[PDB]
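In the block that follows, a single chain appears as structure tokens, in the form deposited in one PDB entry.
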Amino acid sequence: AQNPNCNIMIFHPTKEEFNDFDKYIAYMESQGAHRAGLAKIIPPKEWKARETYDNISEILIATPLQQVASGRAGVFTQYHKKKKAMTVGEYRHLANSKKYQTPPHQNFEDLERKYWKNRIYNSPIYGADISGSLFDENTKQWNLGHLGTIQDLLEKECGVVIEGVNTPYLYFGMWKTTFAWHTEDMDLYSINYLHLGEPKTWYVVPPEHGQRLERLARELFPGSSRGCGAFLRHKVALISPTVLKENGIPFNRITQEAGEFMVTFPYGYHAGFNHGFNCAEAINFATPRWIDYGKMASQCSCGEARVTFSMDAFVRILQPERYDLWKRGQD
């Protein structure tokens, strides 16, 4: 068995190996990469996503989200308070202001210590979930707006043609902006490219151990757990590495820098934070190996998780028993 300790693997494809996206994912899996739940891919030195980032300031962040925490430093939830629209230039200036800017620090480890000690006492503003792309149309390799669609993968594997579309999303971050513990919708893969700015630290639980994290979360968030049998789908709960270690939960961590891709694998729980002003692009995707995970994925039917148009068909075809209840949740 390849990668039996479920370590995060880092890959350095050549420009020739960067041509065929599906083939390289399958290669990484042949080496055991999926067992960690997360892999890093450093593009060949010849590649670029676009020529420059000098002209992005006029992108609108229609609904910036203020991430307000409740709980204790290592075990907390966040809610998203909607703020007035602002441009990416306005948001960058806000991220760099004395109130929001990254503090002085020694290295990534010191900054991580400071994040876990102090996150809850601040409410950073995240420009998350913005439909769009920063890849140049002429970038032919690993262009997240030109991937094969999940609807096409389902049709190729299973024969059934379904409605829906699959497009990327931009994330503009600042110091302490946070992504809560989650897997993807329908336990899909995700791919995330850090276009510019400061790093993003990730935490991940191996897919084979995801239920260990769920059982801890039910213990740590007992009211949420009674409200919903899949409340991590709400994407609100944070648990620190120290708390994970105290409770014996297997996990790994890694920091992504500008110019690097991360892939999350089906049922790989992940969480993390931004070091300072940055911009990432991410999209979900599927492979043949995903289908079985999609058929078994949990679902939120309490009404909180509320998701995309395209998830309807995935539930309807892969989980017809659950369909009726799930759709009541969505309506």
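Residues that one form lacks are left out of the comparison. A residue's number is simply how far along the shown sequence it sits, counting from 1. Heads up, when I say rigid core I mean the largest set of C-alphas that superpose within 1.5 Å between the two forms.
J.: Got a sec? Mean C-alpha B-factor, which is higher, 145-153 or 173-181?
T.: Of 145-153 and 173-181, the stretch with the higher C-alpha B-factor average is 145-153.
J.: Mean C-alpha B factor from the entry: is it higher for 104-112 or for 87-95?
T.: Mean B over CA atoms: larger for 104-112.
J.: What's the residue among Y24, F309, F11, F314 with the greatest CA temperature factor in the PDB record?
T.: Among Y24, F309, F11, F314, the highest C-alpha B-factor in the entry belongs to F309.
J.: Highest recorded C-alpha temperature factor, please, choosing from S131, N166, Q78, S190.
T.: The record points to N166.
J.: Pull the Cα B-factor of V204 out of the PDB entry and bin it into the chain's lowest, middle or highest third.
T.: For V204, the deposited C-alpha B-factor lands in the lowest third.
J.: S225's Cα B-factor: lowest, middle or highest third of the chain?
T.: Top third by C-alpha B-factor.
J.: How does the C-alpha B factor of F265 compare with the rest of the chain: lowest, middle or highest third?
T.: It falls in the bottom third of the chain.
J.: Would the CA B-factor of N284 place it in the lowest, middle or highest third of its chain?
T.: According to the entry, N284 has a C-alpha B-factor in the chain's lowest third.
J.: Looking at the temperature factor on the CA atom of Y53, which third of the chain's modelled residues does it land in?
T.: Highest third of the chain for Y53's C-alpha B-factor.
Separately, the form deposited with a partner chain bound exists; it is not shown, and the next lines address it.
J.: Please pick out the stretch from 126-134, 96-104, 112-120, 194-202 that is in contact with its partner chain in the deposited complex, where contact means heavy atoms within 4.5 Å.
T.: In short, 126-134.
J.: My question is simply whether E163 lines the interface with its partner chain in the deposited complex - judged by any non-hydrogen atom within 4.5 Å.
T.: Yes, contact at 4.5 Å.
J.: Check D185 for me: does it contact its partner chain in the deposited complex (non-hydrogen atoms, 4.5 angstroms)?
T.: Yes.
J.: Taking its partner chain as it sits in the deposited complex, is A282 in contact with it (heavy atom to heavy atom, 4.5 Å or less)?
T.: Within the cut-off, so yes.
J.: Looking at the partner-bound form in the deposited complex, is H234 within 4.5 Å of its partner chain by any heavy atom?
T.: Yes, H234 lies within 4.5 Å of its partner chain in the deposited complex.
J.: Just to be sure I understand the contacts: of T178, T139, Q256, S224, which is the one whose heavy atoms reach within 4.5 angstroms of its partner chain in the deposited complex?
T.: The residue from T178, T139, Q256, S224 that makes the contact is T178.
J.: Superposing on the core, which single option in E257, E157, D136, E208 has a CA shift of 2 Å or more between the shown form and the other one?
T.: The listed residue whose C-alpha shifts by at least 2 Å is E157.
J.: Against the rigid core, is the Cα displacement of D22 between the shown form and the other one at least 2 Å?
T.: No, because once the rigid core is superposed, the C-alpha of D22 moves less than 2 Å between the shown form and the other one.
J.: Does the distance between the two CA positions of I10 reach 2 Å or more between the shown form and the other one, the core being superposed?
T.: After core superposition, the displacement of the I10 C-alpha between the shown form and the other one stays below 2 Å, so no.
J.: Has the Cα of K45 moved 2 Å or more between the shown form and the other one, judged after a core fit?
T.: Stays below the 2 Å threshold, so no.
J.: Your call: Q151 and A286 CA atoms, closer or farther in the deposited complex versus the shown structure, by 3 Å or more?
T.: Closer, not farther.
J.: Given that the CA-CA distance for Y169 and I162 shifts by 3 Å or more in the deposited complex, does it become closer or farther?
T.: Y169 and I162 sit closer together in the deposited complex.
J.: Give me the stretches of at least three consecutive residues whose Cα atoms move by 2 Å or more between the shown form and the other one once the core is superposed.
T.: After core superposition, the displaced runs are 149-165, 225-227, 306-331.
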